[PDB]
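Colleague: Next up is a structure, given as structure tokens.
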Amino acid sequence: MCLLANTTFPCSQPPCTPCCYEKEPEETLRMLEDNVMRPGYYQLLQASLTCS
Amino acid sequence: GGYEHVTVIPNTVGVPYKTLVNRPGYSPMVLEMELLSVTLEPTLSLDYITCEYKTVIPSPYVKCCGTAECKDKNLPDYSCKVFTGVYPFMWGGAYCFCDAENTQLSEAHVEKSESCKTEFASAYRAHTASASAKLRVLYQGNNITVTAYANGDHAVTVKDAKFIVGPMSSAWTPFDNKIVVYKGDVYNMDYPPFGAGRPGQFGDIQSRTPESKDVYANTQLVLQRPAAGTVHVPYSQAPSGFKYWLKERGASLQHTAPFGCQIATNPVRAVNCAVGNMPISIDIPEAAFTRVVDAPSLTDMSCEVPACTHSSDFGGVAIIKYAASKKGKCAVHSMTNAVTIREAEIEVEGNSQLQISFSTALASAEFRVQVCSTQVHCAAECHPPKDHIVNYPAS
Amino acid sequence: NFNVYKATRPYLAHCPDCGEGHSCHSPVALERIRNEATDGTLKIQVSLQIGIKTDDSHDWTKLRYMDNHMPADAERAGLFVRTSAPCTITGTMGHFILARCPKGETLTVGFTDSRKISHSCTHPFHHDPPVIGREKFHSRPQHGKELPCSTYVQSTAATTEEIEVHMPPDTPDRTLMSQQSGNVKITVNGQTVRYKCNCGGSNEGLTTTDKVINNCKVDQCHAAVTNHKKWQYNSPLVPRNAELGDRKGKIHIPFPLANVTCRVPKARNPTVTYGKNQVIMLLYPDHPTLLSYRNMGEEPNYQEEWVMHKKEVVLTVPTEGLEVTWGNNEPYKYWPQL
Ligand SMILES: *[C@@H]1O[C@H](CO)[C@@H](O[C@H]2O[C@H](CO)[C@@H](O)[C@H](O)[C@H]2NC(C)=O)[C@H](O)[C@H]1NC(C)=O
Ligand SMILES: *[C@@H]1O[C@H](CO)[C@@H](O)[C@H](O)[C@H]1NC(C)=O
């Protein structure tokens, strides 16, 4: 589980998907910064910076 | 249900030794024994590991038109300093609006480098050593391998013969109480205790495991005032203690150890240390022995030496003519300690002759050869060899 | 698809020597030089990004550097690494470079931009990698003795090793300010600009629109653009963001350190002659070769010497035995005849 202000969500499945960074780059980085101490950070980083 | 043969051989690897088994009322038996390897593995207790340190320096906090404040952080070698009257310059001019009222907060701490899992030295406490031996035995015309602890309380049975190796005459070890291990090299070093390392020396950074999480650090990290109009974090620190030990370490124990010790790691052990002797006990079963009456009888024996050279190897040749009562196997053994015979057993026929290879150091070799239960005198005039120094050891 | 370079960007950072010993805001600034690899390989961290274009796409023939406020494309062929002489580049990806360098006292990393202006960064770095084995050789052999050594793997894969990243600080720019008859005019140009003036009325704020400061001089004002959209390496050569606390991010890095095997050659066996309790060796080394010896008794008396040229060595062989090691060859054992 990862954190977003007051919601709690699975790290591999952020609500911004697809194109998290392309849609809103500022809020995507802020969300990633709030989850650095979390063990599932790299699962969140992978999903947020992935788009085709 | 058998006969126990007890003998003592020197603790020297690659030298075949001949032993005469004489069970009363039974034909003599010759056994060839050779030490393949002798391992001394000490019990290790890991105190800590050491490696290259990493000075973690984040972006400096430049407070424009204000005063920054240092917070006491529980980090190894944590250093914080607020510098007053700073005027830093960036690409498009001055970073701060104010001329003099600006401060720079410089912060730094020491942690393990990414290399610590790959490049590291381990500090161990070496105590009592467990001795083990690999022995080759020429038993019933076949070579058998026996691997046992040289403590005298470890029975290993191969082809129904019970083997008891040791205890070792010498309790000597090339390792001291404190040892340092780096890859394939072991060093006898009185390393600093844990929590007491010095800067720029072995143990400047000490952690318990390459992946432990807490670490001890004494690197003499001191933060300096930044250069005029420059954004950077200058500092003075003693260079890596690991990186310097790795340079000034000298020759490992593989090169410095007495008695020709070979040093191996994973686990750390002393291999083929030529020190003292090794007692060997062999419980040979009753079925292996044959009675003197049941064995062939030897009469009218004569010995001639057509060629001899006194050297470490079998430089002597002897032809023994015989008259046997029946066909069977006969054991060959030298009754003189100054001469050693290569062959342990020969096939006897009747009114035939046998050829043996022998080793001696004497120029005038007077020796007795026992073929089965009868002795024959051999007269040998051995000559010196071409080489003064040999590349292989002998008895 | 996964591209970490969409969030990150190349940057300008302090360099003590940009050429002729003069300091500058370098687009090829040196961050950290790692020399943990026993094989001599150097892992160099730079301010620019190699193998990535401005549009974030991966292209090995391209290089991305910060060109006065906006990133620009440059050629990979123009990238160079040198100490006392040029280095052999083994791998390049993002902020990292893998290089095999000769003996030196400085480390220079440079490149050629669009308008052919060569940018370089020189840092004082003592490079003299330690010898692997017992022989100081020049070229690596195909076959030889297998000895343990470490290197930085050529693999692109993002695992194990990592770096800290964060939002860049406010970039000062005096071109944003102009004089409107004799006052201060701040032109935003579709950016978020933070301004401060040494005049009354209005002198604070983060503005998304153009602002005017009446009865004020251009020298009395300070303007900076705010870049809250991208990520940058947590560099000690770049200031921290003032309007953000200890907010940080992390990204996996290429070329991590791992244990491998290094092939070492064995020096040719010397012509051996024997004597009464002594051994004579006629040594012919092609390169510096370590010669070591010890007695196989109670007193080993270890002695060592580096043989550079043609030399005859007379060694005493005791009754206990003598062990001689000539370079990377297996030790020779000698015993006197009874
Ligand atoms: C038992 O083992 C020894 C040692 O391996 C063997 O001895 C010889 O082996 C070869 C001849 O077969 C020669 O090339 C070696 O020089 C010699 N070595 C020694 C130390 O004497 C022997 O043949 C073996 N006997 C068996 C397997 O029956
Ligand atoms: C490297 O170090 C040792 C071999 O010297 C080994 O125990 C370890 O697993 C290796 N680890 C890596 C990450 O290469």
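Residue numbering restarts at 1 for every chain of the structure tokens, chains are lettered A, B, ... in their displayed order, and ligands are numbered from 1 as they appear.
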Show me, as a ChimeraX atom specification, the residues of chain C whose atoms get within 6 Å of chain B, using only C-alpha atoms for the distance check.
Modeller: /C:172-173,222,234-237,239-240,258,274-275,296-298,300,302,333-338
Colleague: May I have the residues from that selection written out with N, CA, C and O atoms, as a short mmCIF file (atom, residue, chain, number, x, y, z; two decimals), in the first residue's frame?
Modeller:
```cif
data_model
loop_
_atom_site.label_atom_id
_atom_site.label_comp_id
_atom_site.auth_asym_id
_atom_site.auth_seq_id
_atom_site.Cartn_x
_atom_site.Cartn_y
_atom_site.Cartn_z
N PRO C 172 17.83 32.32 -10.79
CA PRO C 172 17.86 33.79 -10.98
C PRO C 172 18.11 34.18 -12.43
O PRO C 172 18.91 33.54 -13.12
N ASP C 173 17.38 35.20 -12.91
CA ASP C 173 17.49 35.69 -14.29
C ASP C 173 17.17 37.18 -14.33
O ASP C 173 16.03 37.58 -14.07
N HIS C 222 15.31 41.93 -7.76
CA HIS C 222 15.80 40.56 -7.93
C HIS C 222 14.67 39.68 -8.46
O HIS C 222 13.58 39.67 -7.88
N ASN C 234 20.24 15.35 -6.16
CA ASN C 234 20.49 16.06 -4.91
C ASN C 234 22.00 16.39 -4.84
O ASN C 234 22.77 15.74 -4.13
N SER C 235 22.39 17.40 -5.63
CA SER C 235 23.76 17.86 -5.82
C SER C 235 24.21 18.88 -4.77
O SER C 235 23.52 19.88 -4.56
N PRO C 236 25.41 18.69 -4.17
CA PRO C 236 25.90 19.69 -3.21
C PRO C 236 26.45 20.95 -3.90
O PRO C 236 26.80 21.91 -3.23
N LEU C 237 26.49 20.94 -5.25
CA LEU C 237 26.97 22.03 -6.11
C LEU C 237 25.83 22.94 -6.59
O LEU C 237 26.08 23.94 -7.26
N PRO C 239 22.04 24.82 -5.05
CA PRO C 239 21.34 25.07 -3.77
C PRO C 239 20.02 24.32 -3.62
O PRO C 239 19.41 23.93 -4.61
N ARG C 240 19.59 24.11 -2.36
CA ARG C 240 18.34 23.43 -2.02
C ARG C 240 17.16 24.37 -2.28
O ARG C 240 17.34 25.59 -2.26
N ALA C 258 30.01 -5.35 -8.92
CA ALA C 258 29.85 -6.79 -8.71
C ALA C 258 31.17 -7.55 -8.88
O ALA C 258 32.03 -7.12 -9.66
N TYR C 274 71.37 -26.00 -10.13
CA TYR C 274 71.52 -26.40 -8.73
C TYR C 274 72.96 -26.50 -8.24
O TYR C 274 73.88 -26.73 -9.03
N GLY C 275 73.13 -26.34 -6.92
CA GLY C 275 74.41 -26.43 -6.22
C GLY C 275 74.25 -27.00 -4.82
O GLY C 275 73.13 -27.34 -4.42
N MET C 296 60.66 -23.77 4.50
CA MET C 296 59.55 -24.64 4.91
C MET C 296 59.77 -25.29 6.29
O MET C 296 59.41 -26.45 6.51
N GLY C 297 60.33 -24.51 7.22
CA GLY C 297 60.60 -24.92 8.59
C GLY C 297 60.03 -23.97 9.62
O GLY C 297 59.11 -23.21 9.33
N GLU C 298 60.59 -24.02 10.85
CA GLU C 298 60.19 -23.20 12.00
C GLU C 298 60.39 -21.70 11.74
O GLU C 298 59.54 -20.90 12.13
N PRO C 300 60.52 -19.26 8.72
CA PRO C 300 60.33 -19.11 7.27
C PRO C 300 61.19 -18.03 6.62
O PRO C 300 61.63 -18.21 5.49
N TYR C 302 60.57 -14.77 5.42
CA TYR C 302 59.98 -14.29 4.17
C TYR C 302 60.70 -13.06 3.62
O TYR C 302 60.87 -12.07 4.33
N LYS C 333 58.98 -25.71 -5.34
CA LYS C 333 59.48 -26.25 -4.07
C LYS C 333 60.82 -26.96 -4.28
O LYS C 333 60.96 -27.76 -5.21
N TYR C 334 61.81 -26.62 -3.44
CA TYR C 334 63.16 -27.18 -3.51
C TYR C 334 63.59 -27.83 -2.20
O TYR C 334 63.33 -27.28 -1.13
N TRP C 335 64.24 -29.00 -2.29
CA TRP C 335 64.74 -29.78 -1.15
C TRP C 335 66.16 -30.29 -1.43
O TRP C 335 66.43 -30.71 -2.56
N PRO C 336 67.09 -30.30 -0.44
CA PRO C 336 68.44 -30.82 -0.72
C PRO C 336 68.49 -32.34 -0.72
O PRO C 336 67.75 -32.99 0.02
N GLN C 337 69.38 -32.92 -1.55
CA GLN C 337 69.57 -34.37 -1.66
C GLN C 337 70.37 -34.90 -0.48
O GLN C 337 71.37 -34.28 -0.09
N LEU C 338 69.92 -36.03 0.10
CA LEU C 338 70.54 -36.69 1.25
C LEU C 338 71.92 -37.25 0.91
O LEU C 338 72.86 -37.04 1.71
#
```
Colleague: Name the residues, by chain letter and number, that sit within 12 Å of ligand 2 using only C-alpha atoms and all ligand atoms, and give them as a count of residues only.
Modeller: 39
Colleague: Could you list, as a PyMOL selection string, all the residues within 7 Å of ligand 1, counting only C-alpha atoms and all ligand atoms?
Modeller: chain B and resi 16+138+141-143
Colleague: State, in Å with one decimal place, the distance from atom CA of residue B:308 to atom CA of residue B:346.
Modeller: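 The value is 21.0 Å.
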Colleague: Write out as a list in words the residues lying within 12 Å of residue A:39, counting only C-alpha atoms and excluding same-chain residues fewer than 4 positions away.
Modeller: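 Once the adjacent positions are removed, what remains is residues 1, 2, 3, 10, 11, 12, 35, 43, 44 and 45 of chain A.
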